[PDB]
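All remarks here apply to the structure that follows.
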Amino acid sequence: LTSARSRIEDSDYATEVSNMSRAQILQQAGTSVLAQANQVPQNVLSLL
Amino acid sequence: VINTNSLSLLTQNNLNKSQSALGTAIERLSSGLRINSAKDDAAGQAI
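In order, the protein sequences belong to chains A and K. Going by the entry's author numbering, the letters in the first sequence line up with residues 447 to 494, in that order. Going by the entry's author numbering, the letters in the second sequence line up with residues 4 to 50, in that order.
Given below as structure tokens:
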């Protein structure tokens, strides 16, 4: 029963690490992208 | 001559299109995916 519960309950180190890595990459991207997105209307006005 | 700035009307064409490419690239990077709506690739979306 202990083995069965462990298998049903525990999580996979590898899968979860991969997901964490992907999400971190996404976070970096999105942060930079938002910065630039704000910058873009700013240069629109600047050129105004 | 005086009345109409056909040249400026022509220039206006160039900003949007490029901006549409800009937005496509921006959203692609933010999502992390090439295909973000079936418009871009229906077949890939389904697959």
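Even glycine gets a Cβ: it sits at the ideal position worked out from N, Cα and C.
Sub-7 Å separation of residue i and residue j beta-carbons
i: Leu472 (chain A); j: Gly35 (chain K); result: yes
i: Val479 (chain A); j: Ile29 (chain K); result: yes
i: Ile38 (chain K); j: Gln48 (chain K); result: yes
i: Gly476 (chain A); j: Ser11 (chain K); result: no
Test: residue i CB closer than 7 Å to a CB of chain K
i: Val479 (chain A); result: yes
Chain A contact for residue i (CB, 7 Å cutoff)
i: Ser33 (chain K); result: yes
i: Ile5 (chain K); result: no
i: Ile38 (chain K); result: no
i: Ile29 (chain K); result: yes
Closest Cα partner of residue i within the set the options
i: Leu493 (chain A); options: K:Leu18, K:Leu13, K:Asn6 and K:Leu10; result: K:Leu18
Which residues, in order along the region 457 to 476 of chain A, keep a beta-carbon less than 8 Å from a beta-carbon of chain K? Contacts with chain K (Cβ-Cβ distance below 8 Å) from the region 457 to 476 of chain A involve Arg468, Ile471, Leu472, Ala475 and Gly476, listed in chain order.
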